[PDB]
$ cat work22.cif   # mmCIF, C-alpha atoms and all ligand atoms
data_structure
loop_
_atom_site.label_atom_id
_atom_site.label_comp_id
_atom_site.auth_asym_id
_atom_site.auth_seq_id
_atom_site.Cartn_x
_atom_site.Cartn_y
_atom_site.Cartn_z
CA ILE V 19 -12.05 -8.03 -6.88
CA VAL V 20 -15.50 -9.14 -5.65
CA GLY V 21 -18.50 -8.99 -8.00
CA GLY V 22 -16.39 -7.98 -10.97
CA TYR V 23 -15.70 -9.52 -14.34
CA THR V 24 -12.82 -11.12 -16.22
CA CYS V 25 -10.96 -8.16 -17.80
CA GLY V 26 -9.61 -10.06 -20.80
CA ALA V 27 -5.91 -10.76 -21.37
CA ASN V 28 -3.80 -7.57 -21.55
CA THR V 29 -6.80 -5.25 -21.76
CA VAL V 30 -5.43 -3.32 -18.76
CA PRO V 31 -1.88 -2.77 -20.05
CA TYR V 32 -0.70 -0.57 -17.14
CA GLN V 33 -1.65 -3.21 -14.52
CA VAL V 34 1.36 -4.83 -12.86
CA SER V 35 1.72 -7.72 -10.43
CA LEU V 36 4.28 -7.33 -7.65
CA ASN V 37 5.93 -10.68 -7.04
CA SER V 38 8.12 -11.86 -4.15
CA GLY V 39 7.91 -15.58 -4.96
CA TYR V 40 4.13 -15.15 -5.39
CA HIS V 41 1.78 -12.30 -6.33
CA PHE V 42 1.27 -10.03 -3.28
CA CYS V 43 0.07 -6.64 -4.60
CA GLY V 44 -0.89 -4.74 -7.73
CA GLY V 45 0.66 -1.58 -9.13
CA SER V 46 0.35 0.80 -12.07
CA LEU V 47 3.06 1.45 -14.67
CA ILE V 48 3.41 5.23 -15.08
CA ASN V 49 6.44 5.30 -17.39
CA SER V 50 9.00 2.83 -18.81
CA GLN V 51 10.94 2.75 -15.49
CA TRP V 52 8.46 3.47 -12.68
CA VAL V 53 5.49 1.86 -10.95
CA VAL V 54 3.03 3.42 -8.45
CA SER V 55 1.68 1.13 -5.71
CA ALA V 56 0.44 1.37 -2.07
CA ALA V 57 2.98 2.03 0.67
CA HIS V 58 1.42 -0.85 2.64
CA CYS V 59 2.72 -3.07 -0.20
CA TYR V 60 6.32 -2.22 0.70
CA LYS V 61 8.78 -5.08 1.04
CA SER V 62 12.27 -5.92 -0.18
CA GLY V 63 12.97 -8.31 -3.08
CA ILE V 64 10.20 -7.15 -5.40
CA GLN V 65 10.03 -8.38 -8.97
CA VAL V 66 7.64 -6.36 -11.14
CA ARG V 67 5.62 -8.49 -13.57
CA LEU V 68 4.21 -6.62 -16.56
CA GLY V 69 2.00 -7.91 -19.36
CA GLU V 70 0.33 -10.44 -17.04
CA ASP V 71 -3.04 -12.07 -17.41
CA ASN V 72 -2.83 -15.52 -15.81
CA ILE V 73 -0.25 -14.97 -13.03
CA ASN V 74 0.37 -18.72 -12.80
CA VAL V 75 1.06 -19.41 -16.51
CA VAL V 76 3.65 -17.91 -18.87
CA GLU V 77 1.41 -16.85 -21.75
CA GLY V 78 3.84 -14.89 -23.92
CA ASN V 79 3.46 -11.17 -23.23
CA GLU V 80 5.16 -10.92 -19.83
CA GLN V 81 8.10 -8.78 -18.85
CA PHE V 82 9.68 -9.66 -15.50
CA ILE V 83 11.93 -6.86 -14.18
CA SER V 84 13.45 -6.60 -10.70
CA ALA V 85 12.90 -3.44 -8.67
CA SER V 86 16.08 -1.40 -8.15
CA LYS V 87 14.57 0.86 -5.51
CA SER V 88 11.36 1.57 -3.65
CA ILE V 89 10.38 4.93 -2.21
CA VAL V 90 7.58 4.98 0.33
CA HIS V 91 5.87 8.38 0.70
CA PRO V 92 7.75 10.42 3.32
CA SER V 93 4.50 10.94 5.30
CA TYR V 94 3.06 7.43 5.07
CA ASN V 95 1.40 6.37 8.36
CA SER V 96 0.88 2.61 8.46
CA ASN V 97 -1.63 2.85 11.34
CA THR V 98 -4.08 5.24 9.63
CA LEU V 99 -2.94 4.44 6.05
CA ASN V 100 -2.72 8.17 5.40
CA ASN V 101 -0.46 8.79 2.36
CA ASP V 102 -0.67 5.13 1.25
CA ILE V 103 1.54 5.49 -1.83
CA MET V 104 4.91 4.16 -2.94
CA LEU V 105 7.05 4.43 -6.08
CA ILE V 106 9.06 1.48 -7.41
CA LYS V 107 11.89 1.93 -9.95
CA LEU V 108 12.62 -0.91 -12.40
CA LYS V 109 16.20 -2.14 -12.86
CA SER V 110 15.71 -1.81 -16.62
CA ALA V 111 13.17 0.09 -18.72
CA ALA V 112 10.10 -1.88 -19.79
CA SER V 113 9.57 -2.35 -23.50
CA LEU V 114 6.34 -0.41 -24.11
CA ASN V 115 3.82 -1.84 -26.59
CA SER V 116 0.01 -2.32 -26.89
CA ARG V 117 -0.07 -4.82 -24.02
CA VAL V 118 2.45 -3.10 -21.72
CA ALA V 119 1.72 0.61 -21.51
CA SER V 120 1.90 3.43 -19.00
CA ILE V 121 -1.15 5.14 -17.52
CA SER V 122 -1.35 8.97 -17.39
CA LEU V 123 -1.22 10.81 -14.06
CA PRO V 124 -4.14 13.16 -13.42
CA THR V 125 -3.83 16.91 -13.97
CA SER V 126 -6.87 17.45 -11.78
CA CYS V 127 -8.77 15.43 -9.20
CA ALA V 128 -11.83 13.39 -10.22
CA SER V 129 -15.29 14.16 -8.87
CA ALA V 130 -17.92 12.05 -7.09
CA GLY V 131 -19.99 10.22 -9.69
CA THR V 132 -17.11 9.65 -12.13
CA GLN V 133 -17.04 6.03 -13.27
CA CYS V 134 -13.68 4.29 -12.94
CA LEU V 135 -12.12 0.94 -13.65
CA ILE V 136 -10.59 -0.94 -10.71
CA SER V 137 -8.56 -4.08 -11.37
CA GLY V 138 -6.47 -6.80 -9.72
CA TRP V 139 -5.83 -10.44 -8.79
CA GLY V 140 -7.23 -10.18 -5.24
CA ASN V 141 -9.83 -12.30 -3.44
CA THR V 142 -13.12 -12.67 -5.36
CA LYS V 143 -15.23 -13.66 -2.33
CA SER V 144 -16.69 -11.36 0.35
CA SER V 145 -17.25 -14.23 2.76
CA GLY V 146 -14.82 -17.03 1.89
CA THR V 147 -11.54 -17.04 -0.02
CA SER V 148 -10.87 -17.65 -3.72
CA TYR V 149 -7.97 -16.18 -5.63
CA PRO V 150 -8.31 -15.85 -9.42
CA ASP V 151 -5.49 -16.61 -11.77
CA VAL V 152 -6.59 -14.07 -14.41
CA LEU V 153 -7.02 -10.31 -14.02
CA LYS V 154 -10.39 -9.18 -12.69
CA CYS V 155 -12.08 -5.82 -13.33
CA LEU V 156 -14.79 -3.73 -11.67
CA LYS V 157 -16.46 -0.59 -12.98
CA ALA V 158 -17.37 1.65 -10.03
CA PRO V 159 -18.29 5.27 -9.30
CA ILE V 160 -16.38 7.59 -7.02
CA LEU V 161 -18.55 8.35 -3.96
CA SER V 162 -19.08 11.77 -2.34
CA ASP V 163 -16.67 12.71 0.43
CA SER V 164 -19.62 13.03 2.83
CA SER V 165 -20.89 9.49 2.15
CA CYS V 166 -17.30 8.20 2.42
CA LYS V 167 -16.83 9.85 5.81
CA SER V 168 -20.24 8.67 6.97
CA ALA V 169 -19.30 5.07 6.08
CA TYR V 170 -15.99 5.34 7.94
CA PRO V 171 -16.34 7.95 10.71
CA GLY V 172 -13.01 9.42 11.89
CA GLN V 173 -10.95 7.55 9.24
CA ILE V 174 -11.15 9.37 5.89
CA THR V 175 -8.42 11.97 5.30
CA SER V 176 -8.08 14.44 2.46
CA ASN V 177 -5.74 11.90 0.81
CA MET V 178 -8.45 9.25 0.50
CA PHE V 179 -11.64 8.71 -1.45
CA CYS V 180 -14.29 6.01 -1.56
CA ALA V 181 -15.49 4.23 -4.66
CA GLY V 182 -18.00 1.47 -5.17
CA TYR V 183 -21.47 0.55 -4.03
CA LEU V 184 -23.00 1.20 -0.62
CA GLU V 185 -25.35 -1.75 -1.22
CA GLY V 186 -22.33 -4.11 -1.16
CA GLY V 187 -21.49 -7.05 -3.44
CA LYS V 188 -18.94 -5.20 -5.63
CA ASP V 189 -15.52 -4.07 -4.33
CA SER V 190 -11.76 -4.54 -4.46
CA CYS V 191 -10.28 -6.86 -1.81
CA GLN V 192 -7.06 -8.19 -0.24
CA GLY V 193 -4.53 -8.96 -2.99
CA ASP V 194 -5.82 -6.02 -5.07
CA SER V 195 -3.82 -3.70 -2.79
CA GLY V 196 -1.65 -1.20 -4.63
CA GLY V 197 -3.54 -1.64 -7.91
CA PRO V 198 -5.15 1.00 -10.15
CA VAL V 199 -8.35 3.01 -10.10
CA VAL V 200 -8.45 4.59 -13.56
CA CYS V 201 -11.03 7.21 -14.52
CA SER V 202 -11.23 8.68 -18.04
CA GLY V 203 -7.71 7.41 -18.82
CA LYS V 204 -6.08 8.89 -15.68
CA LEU V 205 -4.74 7.09 -12.62
CA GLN V 206 -6.93 8.63 -9.89
CA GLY V 207 -6.69 5.99 -7.18
CA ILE V 208 -4.69 3.18 -5.60
CA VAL V 209 -6.38 0.22 -3.86
CA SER V 210 -5.72 1.01 -0.20
CA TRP V 211 -8.24 -0.33 2.35
CA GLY V 212 -11.80 -1.12 3.46
CA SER V 213 -13.68 -2.99 6.17
CA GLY V 214 -13.79 -6.55 4.83
CA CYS V 215 -14.75 -6.59 1.11
CA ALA V 216 -18.05 -5.82 -0.62
CA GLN V 217 -19.82 -5.34 2.73
CA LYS V 218 -22.93 -3.14 2.86
CA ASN V 219 -22.09 0.51 3.68
CA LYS V 220 -18.37 -0.28 3.61
CA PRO V 221 -17.11 0.77 0.14
CA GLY V 222 -13.44 0.56 -0.96
CA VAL V 223 -11.09 3.32 0.19
CA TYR V 224 -8.48 4.56 -2.28
CA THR V 225 -5.37 6.73 -2.14
CA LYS V 226 -6.14 10.07 -3.83
CA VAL V 227 -3.42 10.13 -6.51
CA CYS V 228 -4.08 13.70 -7.72
CA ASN V 229 -2.67 14.93 -4.35
CA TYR V 230 0.68 13.27 -5.11
CA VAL V 231 1.40 14.24 -8.71
CA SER V 232 3.94 16.91 -7.72
CA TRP V 233 5.75 14.45 -5.40
CA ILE V 234 5.68 11.71 -8.04
CA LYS V 235 7.13 13.95 -10.76
CA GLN V 236 9.88 15.46 -8.64
CA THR V 237 10.80 12.05 -7.20
CA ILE V 238 11.06 10.53 -10.66
CA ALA V 239 13.08 13.55 -11.83
CA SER V 240 15.83 12.94 -9.22
CA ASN V 241 15.96 9.16 -8.89
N1 LIG C 301 -12.66 -3.54 0.64
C1 LIG C 301 -11.55 -3.09 0.07
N2 LIG C 301 -11.66 -2.33 -0.95
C2 LIG C 301 -10.19 -3.46 0.62
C3 LIG C 301 -10.07 -4.00 1.91
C4 LIG C 301 -8.81 -4.35 2.40
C5 LIG C 301 -7.67 -4.17 1.62
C6 LIG C 301 -6.33 -4.55 2.16
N3 LIG C 301 -6.24 -5.62 2.84
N4 LIG C 301 -5.12 -6.08 3.38
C7 LIG C 301 -5.18 -6.96 4.40
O1 LIG C 301 -6.25 -7.24 4.94
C8 LIG C 301 -3.92 -7.61 4.92
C9 LIG C 301 -2.67 -7.03 4.70
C10 LIG C 301 -1.52 -7.66 5.19
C11 LIG C 301 -1.65 -8.86 5.89
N5 LIG C 301 -2.86 -9.41 6.10
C12 LIG C 301 -3.98 -8.81 5.63
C13 LIG C 301 -7.78 -3.64 0.34
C14 LIG C 301 -9.04 -3.29 -0.16
CA CA C 302 1.42 -15.01 -16.97
#
$ encode --input "work22.cif" --output "structure tokens"
Amino acid sequence: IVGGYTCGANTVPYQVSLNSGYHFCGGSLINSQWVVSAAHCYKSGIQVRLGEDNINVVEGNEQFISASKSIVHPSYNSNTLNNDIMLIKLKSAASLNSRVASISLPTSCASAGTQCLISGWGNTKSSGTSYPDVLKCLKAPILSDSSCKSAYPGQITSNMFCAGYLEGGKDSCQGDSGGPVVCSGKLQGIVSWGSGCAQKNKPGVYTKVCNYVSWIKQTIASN
């Protein structure tokens, strides 16, 4: 997260870190057994780390639980990043408490202008490289579909939205991939892509979660 702020330990209780020997992506806990992330985060040997603040220090609220299965969206295209969404099932159910909690799925899509909270452990620099140890947060508005398409001609599908600031300086970044965009207590987005980070006229692009609620629910119901 570039141009954000320190969230505060366990203030974003649905935020997970995906670990394969090191943090490599974020995710969102949606019930005791399931995490939503980006399909471009797919790999084998995932351990889900819940209750994290400093990802390099055991601070006392963590739950580390291996993934038992991952399900990439059937229509995910890794070239265009269309349908950039994946479900991960935990080998055992998380113990839910104030610091480890699920986030609600939307019942309707969010509109341009809605303020959302975007979070993760990704790069904090738009030029150089600096990875934080503690969870970073950014408050950002959803942008109109027209401004999103204008920023990225030929690249924005109906399964994507933009959020952030056309002026630049404030954005998600590499390492935030797969993490949450939460608006009025609903998971509306997943950190998906952008051109660099926090560049002028290049806002963050996010998977449009409201399009996938039916798929998420039916997948969970049979797996
Ligand atoms: N500006 C954003 N909101 C943004 C931009 C990019 C990304 C994702 N990056 N992933 C990578 O580059 C990458 C991925 C694999 C290997 N090497 C590099 C997320 C958000
Ligand atoms: Ca920790």
$ closest_atom_pairs --input "work22.cif" --of "chain V" --to "ligand LIG 301 (chain C)" --cutoff "10 Å" --atoms "all atoms listed in the file" --output "JSON lines"
{"residue": "V:19", "atom": "CA", "partner": "C:LIG301", "partner_atom": "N2", "distance": 8.2}
{"residue": "V:20", "atom": "CA", "partner": "C:LIG301", "partner_atom": "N1", "distance": 8.9}
{"residue": "V:42", "atom": "CA", "partner": "C:LIG301", "partner_atom": "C10", "distance": 9.2}
{"residue": "V:43", "atom": "CA", "partner": "C:LIG301", "partner_atom": "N4", "distance": 9.5}
{"residue": "V:56", "atom": "CA", "partner": "C:LIG301", "partner_atom": "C13", "distance": 9.9}
{"residue": "V:58", "atom": "CA", "partner": "C:LIG301", "partner_atom": "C9", "distance": 7.7}
{"residue": "V:59", "atom": "CA", "partner": "C:LIG301", "partner_atom": "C10", "distance": 8.3}
{"residue": "V:136", "atom": "CA", "partner": "C:LIG301", "partner_atom": "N2", "distance": 9.9}
{"residue": "V:140", "atom": "CA", "partner": "C:LIG301", "partner_atom": "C13", "distance": 8.6}
{"residue": "V:141", "atom": "CA", "partner": "C:LIG301", "partner_atom": "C14", "distance": 9.6}
{"residue": "V:144", "atom": "CA", "partner": "C:LIG301", "partner_atom": "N1", "distance": 8.8}
{"residue": "V:180", "atom": "CA", "partner": "C:LIG301", "partner_atom": "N2", "distance": 8.8}
{"residue": "V:181", "atom": "CA", "partner": "C:LIG301", "partner_atom": "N2", "distance": 8.5}
{"residue": "V:182", "atom": "CA", "partner": "C:LIG301", "partner_atom": "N2", "distance": 8.5}
{"residue": "V:186", "atom": "CA", "partner": "C:LIG301", "partner_atom": "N1", "distance": 9.9}
{"residue": "V:188", "atom": "CA", "partner": "C:LIG301", "partner_atom": "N1", "distance": 9.0}
{"residue": "V:189", "atom": "CA", "partner": "C:LIG301", "partner_atom": "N2", "distance": 5.4}
{"residue": "V:190", "atom": "CA", "partner": "C:LIG301", "partner_atom": "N2", "distance": 4.1}
{"residue": "V:191", "atom": "CA", "partner": "C:LIG301", "partner_atom": "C14", "distance": 4.1}
{"residue": "V:192", "atom": "CA", "partner": "C:LIG301", "partner_atom": "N3", "distance": 4.1}
{"residue": "V:193", "atom": "CA", "partner": "C:LIG301", "partner_atom": "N3", "distance": 6.9}
{"residue": "V:194", "atom": "CA", "partner": "C:LIG301", "partner_atom": "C13", "distance": 6.2}
{"residue": "V:195", "atom": "CA", "partner": "C:LIG301", "partner_atom": "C13", "distance": 5.0}
{"residue": "V:196", "atom": "CA", "partner": "C:LIG301", "partner_atom": "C13", "distance": 8.3}
{"residue": "V:197", "atom": "CA", "partner": "C:LIG301", "partner_atom": "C13", "distance": 9.5}
{"residue": "V:208", "atom": "CA", "partner": "C:LIG301", "partner_atom": "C14", "distance": 9.5}
{"residue": "V:209", "atom": "CA", "partner": "C:LIG301", "partner_atom": "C14", "distance": 5.8}
{"residue": "V:210", "atom": "CA", "partner": "C:LIG301", "partner_atom": "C13", "distance": 5.1}
{"residue": "V:211", "atom": "CA", "partner": "C:LIG301", "partner_atom": "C13", "distance": 3.9}
{"residue": "V:212", "atom": "CA", "partner": "C:LIG301", "partner_atom": "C3", "distance": 3.7}
{"residue": "V:213", "atom": "CA", "partner": "C:LIG301", "partner_atom": "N1", "distance": 5.7}
{"residue": "V:214", "atom": "CA", "partner": "C:LIG301", "partner_atom": "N1", "distance": 5.3}
{"residue": "V:215", "atom": "CA", "partner": "C:LIG301", "partner_atom": "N1", "distance": 3.7}
{"residue": "V:216", "atom": "CA", "partner": "C:LIG301", "partner_atom": "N1", "distance": 6.0}
{"residue": "V:217", "atom": "CA", "partner": "C:LIG301", "partner_atom": "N1", "distance": 7.7}
{"residue": "V:220", "atom": "CA", "partner": "C:LIG301", "partner_atom": "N1", "distance": 7.2}
{"residue": "V:221", "atom": "CA", "partner": "C:LIG301", "partner_atom": "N1", "distance": 6.2}
{"residue": "V:222", "atom": "CA", "partner": "C:LIG301", "partner_atom": "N2", "distance": 3.4}
{"residue": "V:223", "atom": "CA", "partner": "C:LIG301", "partner_atom": "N2", "distance": 5.8}
{"residue": "V:224", "atom": "CA", "partner": "C:LIG301", "partner_atom": "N2", "distance": 7.7}
$ residues_near_ligand --input "work22.cif" --ligand "ligand CA 302 (chain C)" --cutoff "10 Å" --atoms "all atoms listed in the file" --output "PyMOL selection string"
chain V and resi 27+35+67-82+151-152
$ atom_distance --input "work22.cif" --atom1 "atom CA of residue V:97" --atom2 "atom CA of residue V:199"
22.5 Å
$ atom_distance --input "work22.cif" --atom1 "atom CA of residue V:158" --atom2 "atom CA of residue V:227"
16.7 Å
$ atom_distance --input "work22.cif" --atom1 "atom CA of residue V:132" --atom2 "atom CA of residue V:54"
21.4 Å
$ residues_around --input "work22.cif" --residues "residue V:26" --least-positions-apart "3" --cutoff "9 Å" --atoms "only C-alpha atoms" --output "list in words"
residues 23, 29, 30, 71, 152, 153, 154 and 155 of chain V
$ closest_residue --input "work22.cif" --among "V:231, V:135, V:225, V:33" --to "residue V:174" --atoms "only C-alpha atoms"
V:225
$ closest_residue --input "work22.cif" --among "V:108, V:103, V:160, V:205" --to "residue V:122" --atoms "only C-alpha atoms"
V:205
$ closest_residue --input "work22.cif" --among "V:115, V:202, V:95, V:110" --to "residue V:157" --atoms "only C-alpha atoms"
V:202
$ residues_around --input "work22.cif" --residues "residue V:84" --least-positions-apart "5" --cutoff "8 Å" --atoms "only C-alpha atoms" --output "list in words"
residues 63, 64, 65, 66, 108, 109 and 110 of chain V
$ residues_around --input "work22.cif" --residues "residue V:129" --least-positions-apart "6" --cutoff "10 Å" --atoms "all atoms listed in the file" --output "VMD selection string"
chain V and resid 159 to 163 179 201
$ axis_aligned_box --input "work22.cif" --around "stretch 32-48 of chain V" --padding-each-side "8 Å" --output "lines of an AutoDock Vina configuration file"
center_x = 3.2
center_y = -5.2
center_z = -10.2
size_x = 25.8
size_y = 36.8
size_z = 29.9
$ closest_residue --input "work22.cif" --among "V:89, V:239, V:178, V:234" --to "residue V:101" --atoms "only C-alpha atoms"
V:178
$ residues_around --input "work22.cif" --residues "residue V:238" --least-positions-apart "3" --cutoff "12 Å" --atoms "only C-alpha atoms" --output "PyMOL selection string"
chain V and resi 48-54+87-89+104-108+231-235+241
$ closest_residue --input "work22.cif" --among "V:98, V:240, V:128, V:219" --to "residue V:168" --atoms "only C-alpha atoms"
V:219
$ closest_residue --input "work22.cif" --among "V:55, V:165, V:172, V:126" --to "residue V:228" --atoms "all atoms listed in the file"
V:126
